[PDB]
Amino acid sequence: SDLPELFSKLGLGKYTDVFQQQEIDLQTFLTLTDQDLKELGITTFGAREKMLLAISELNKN
Ligand SMILES: [Zn+2]
């Protein structure tokens, strides 16, 4: 029930190792913004859009 599972649901599975290698845990991921994601190196626009949408959803009750 963690970041690897989430990414698999979003079709972002190939990015799981990027975040793991950068020591990004689920809690930290859920605090990220678009600027942070670009700074993190997620250049692929679509991957970034899906991540932000997931972040958005998990911050809503
Ligand atoms: Zn947009």
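Mind checking the alpha-carbon convex hull of the chain and giving the volume per residue in Å³? Display every interim value, and only then the final one.
Working: hull volume 4.7 nm³, N = 61.
Output value, Cα hull per residue: 77 Å³.
May I ask you to list the GluC sites (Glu not before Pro) in the stretch 1-57 that are in a DSSP loop and have at most 13 other Cβ atoms within 10 Å of their Cβ? Intermediate values should be presented prior to the final figure.
Numbers: sites: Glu5, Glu23, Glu39, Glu49, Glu57; in loops: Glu23.
Answer by residue number: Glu23.
Taking θ = phi - 60°, what integer Hz values does the Karplus form 6.51 cos²θ - 1.76 cosθ + 1.60 yield along the stretch 47-61, in sequence order, with x for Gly and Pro?
5, 4, 4, 5, 4, 4, 5, 5, 4, 3, 5, 7, 8, 9, 5
Suppose only helical runs count, i.e. DSSP H with n ≥ 4. What mean residue ellipticity at 222 nm does that imply for the chain under -39500 (n - 2.57) per run, divided by all residues and rounded to the nearest 500 deg cm²/dmol?
Details: 5 runs with 39 residues, N = 61.
Counting only the DSSP helices, I get -17000 deg cm²/dmol.
We did not get these values from a lab; they are worked out from the coordinates using the rules stated. Please note: Cβ atoms are built from the backbone with ideal geometry, for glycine as well, and neighbour counts cover all protein chains shown.
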